[PDB]
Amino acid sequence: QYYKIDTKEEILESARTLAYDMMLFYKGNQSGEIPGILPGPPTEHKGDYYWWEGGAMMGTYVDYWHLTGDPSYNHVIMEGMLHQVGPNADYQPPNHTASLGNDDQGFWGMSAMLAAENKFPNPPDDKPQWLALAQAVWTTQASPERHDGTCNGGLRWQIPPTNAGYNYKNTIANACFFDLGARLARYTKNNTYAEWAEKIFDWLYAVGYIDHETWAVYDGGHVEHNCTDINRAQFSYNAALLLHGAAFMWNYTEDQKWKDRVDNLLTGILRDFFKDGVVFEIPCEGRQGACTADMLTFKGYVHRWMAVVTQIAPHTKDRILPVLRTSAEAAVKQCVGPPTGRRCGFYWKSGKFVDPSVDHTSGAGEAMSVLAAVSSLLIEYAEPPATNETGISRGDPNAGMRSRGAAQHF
């Protein structure tokens, strides 16, 4: 094993080197390249990765700085986040229409929310501010045209009606909107965010994407079947995102119903995704060559989000932190690949390095996930998410409401 994680100082060093290796994948700060994206999209034969994964990377580094105190990449990350906001400061740049799902937009909004929560340095005064960007994403996701009567509500996966998948009302789109609402409620103390989050969670429960008995979290269903054709694939990021949002709702509301939802979601996650203490992507990891580029990132979100759950729902700490520790140990045990002696693969539970080429990418998602898992070992030393009591960001009451906003020509 190359990386050592047995003390705070070892974890900091390992995380620093992991942050370096992940950054090698990113070219967006170089002359002639596009800030905020990893190489791609694969539809243009430019690389393995889609736009939203750039947003995921940005958030990973906002967390990295928050967890380690290392600001080395902050300028690169600010540039990347600001470059992708779009003309209406809502993370709907039109050049990316083909990739514009509520999930894709949601992940960028969640990185902006995280920047506000983590007191990440503010953009210049003339540029969109982190809280305002999260508010804009949330507001566009709350817009009435995104909430029709099919399946008695819920967001569709895609934003443009002509995008393939507009007929799929899926967990992730709704989970992103739920999580943003819960987090905006806690930060701003505005209850309209919370009422929407309650409504969307109740919809996810009613439609049965949350299993009423087991609290498994399925993937989605299609409008032409009234959402009854449930795709029962259980992706780790869906349950973990609902856990994260539920923890924010528990912290904000202090309502026992939210504590029960936290506990039930957490029981399900530990049962389903942790195998001998190691996170495992059950829909695809069972054999090599099945996980998509997107799926290779999920276990990093699981670690980062579950670690925050322990701060805002502290009664969960002893259920979560020991399991994140064993999962992160497995992550680093297999970061031993050539040519560097420290290259990271995906198959942590297996105990062995597998070349990311088996899954047809250069390995950025695997690198991101290990960075996330190792950094998040420092959660016990980190400040909890800030609210507007101590945060430094600024909001915008008209976030998402510009007259040139896409909702105005839907």
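So that there is no doubt, residue numbering starts at 1 and follows the sequence shown.
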* To do: With reference to the PDB entry, specify whether the mean Cα temperature factor is higher for 91-99 or for 200-208.
  => 91-99
* To do: State which stretch shows the higher mean Cα B factor in the entry: 110-118 or 228-236.
  => 228-236
* From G181, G220, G277, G300, can you pick the one with the highest C-alpha B factor in the entry? -> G277
* Peak C-alpha temperature factor (PDB record), options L371, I34, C344, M58 -> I34
* Lowest, middle or highest third: where is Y64 by C-alpha B factor in its chain? -> lowest
* Going by the recorded CA B-factors, say which third of the chain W52 sits in, lowest, middle or highest. => lowest
* To do: Consider only the C-alpha atoms of the modelled residues in this chain, order them by B-factor as the entry records it, and name the third containing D21: lowest, middle or highest.
  => lowest
* Asked: Going by the entry, which third of its chain does the Cα temperature factor of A290 land in?
  -> highest
* Asked: C-alpha B factor of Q311, ranked within the chain: lowest, middle or highest third?
  -> middle
